[PDB]
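Only one chain is shown below, in structure tokens, and it's the form deposited in one PDB entry.
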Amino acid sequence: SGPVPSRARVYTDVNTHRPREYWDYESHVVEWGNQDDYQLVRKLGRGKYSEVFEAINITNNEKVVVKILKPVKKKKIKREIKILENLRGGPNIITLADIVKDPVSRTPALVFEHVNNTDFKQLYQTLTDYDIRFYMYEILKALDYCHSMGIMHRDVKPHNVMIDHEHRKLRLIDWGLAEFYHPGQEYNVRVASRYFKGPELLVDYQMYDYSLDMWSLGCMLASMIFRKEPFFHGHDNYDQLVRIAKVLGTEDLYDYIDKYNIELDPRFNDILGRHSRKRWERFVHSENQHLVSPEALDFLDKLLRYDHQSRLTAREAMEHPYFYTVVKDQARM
């Protein structure tokens, strides 16, 4: 028999109850703007599918960020545009301002409202205990929002979190790998960066959901509270699961494989071995102990589960005791 089917525990049917047009991004008609409204100021960085620039809107002298959509299928372009339009105005989600094409090269570009080019990876190994809780809560607002809107990000990692630490403001960026969640859909498992890939991607379980983002978030949290970058440091996608298995243990891994009737790639048979589930205390030392609390470990434990169904949802995560002081201070402000 094949793999056992899976459904998201939350927001399962939200796209089914929308109009077709909400999620049928292949049918979306983009009104392409004029590239000449903007002047590029400077390169901010060059990614995999994108070059990103600081630019000026020469109509209002407003600073913007421009992402030139490096050669890729039109299908992927429409998907990213439609997701950005659907999520526009959501909490801590980057704001799409315009969509333009080069009159010559015909190359699409996305224009975003300005954010400083300071990503979370530059700051997240130097935060106080309170600021880790604060910024994790801000990321959870973006994830509960996009999940509630029927969208999984699929590339949650520190390089995709822009922070203005001065203004205590955060935006979740790079929606290029994001997808709409549809119950029973089998997704590409070649998404996310190696260190943030959930076990579902590593064992090739395709019927995954929003809970993939919650694994990635757990990898970020573990990195920050233990000052260990990355937390799960695999050589390649096979060794990545071994690094996880040495922490979470093999018993829960094989129970997860049995539960979903997953056919494990033969390469895994000699490399996973047999490992106890490690107590989180093993990762605590004199230079991280100020970031580690019972509350932090209880929360982390509930994100980092093999079984995607077991993991906290974004809204359940926001209700965890780890965030009580953040929630109280927000209500006061």
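In this text, residue numbers run from 1 along the sequence as written.
Report task. Tell me which of 258-266 and 206-214 has the higher mean C-alpha B-factor in the deposited entry. Result -> Mean B over CA atoms: larger for 258-266.
Query raised in the report: Do the CA atoms of 28-36 or those of 298-306 have the higher mean B-factor in the entry?
Result: So the stretch with the higher mean C-alpha B-factor is 28-36.
Query - Out of 173, 104, 83, 242, residue topping the C-alpha B-factor column of the entry - result: 104 has the highest C-alpha B-factor of those listed.
Report task. Tell me, lowest, middle or highest third: where does the Cα B factor of residue 119 rank within its chain? Result -> Highest third, going by the recorded CA B-factors of the chain.
Report task. Could you look up the Cα B-factor of residue 186 in the entry and say which third of the chain it sits in: lowest, middle or highest? Result -> As the PDB entry reports it, the C-alpha B-factor of residue 186 lands in the middle third of its chain.
Query raised in the report: Where does residue 15 sit by CA temperature factor within its chain: lowest, middle or highest third?
Result: Lowest third - that is where residue 15 ends up once the chain's C-alpha B-factors are sorted.
Query raised in the report: Going by what the PDB entry lists, where does residue 223 fall on CA B-factor within its chain: lowest, middle or highest third?
Result: Ranked within chain, residue 223 CA B lands in the lowest tercile.
Report task. Please rank the C-alpha B-factors of the chain's modelled residues and tell me whether residue 89 sits in the lowest, middle or highest third. Result -> Within its chain, residue 89 is a middle-third residue by C-alpha B-factor, going by the deposited values.
Beyond the structure shown, there is the form deposited with a small molecule bound, which is absent from this document and is the topic of what follows.
Report task. Just give me the single entry in 83, 163, 214, 146 that has a non-hydrogen atom within 4.5 angstroms of the small molecule in the deposited bound form. Result -> It is 163 that has a heavy atom within 4.5 Å of the partner.
Query raised in the report: Can you pick the one in 142, 87, 220, 248 that has a heavy atom within 4.5 Å of the small molecule in the deposited bound form?
Result: Only one listed residue qualifies here, and that residue is 220.
Query raised in the report: Thinking of 52, 117 and 120 as one candidate spot, does the small molecule come within 4.5 Å of a heavy atom in every one of them in the deposited bound form?
Result: Each of the three qualifies.
**Report entry** residue 158 within 4.5 Å of the small molecule in the deposited bound form, heavy atoms
**Finding:** Yes, residue 158 sits close enough to the small molecule in the deposited bound form that at least one of its heavy atoms falls within 4.5 Å.
Query raised in the report: Is there any non-hydrogen atom of residue 244 lying within 4.5 Å of the small molecule in the deposited bound form?
Result: Residue 244 lies outside the contact set for the small molecule.
Requested in this report: Indicate whether the small molecule has at least one heavy atom within 4.5 Å of a heavy atom of residue 192 in the deposited bound form.
Outcome: No.
Report task. Give a yes or no for residue 44: in the deposited bound form, does one of its heavy atoms lie within 4.5 Å of a heavy atom belonging to the small molecule? Result -> Residue-level check for residue 44: yes, a contact with the small molecule.
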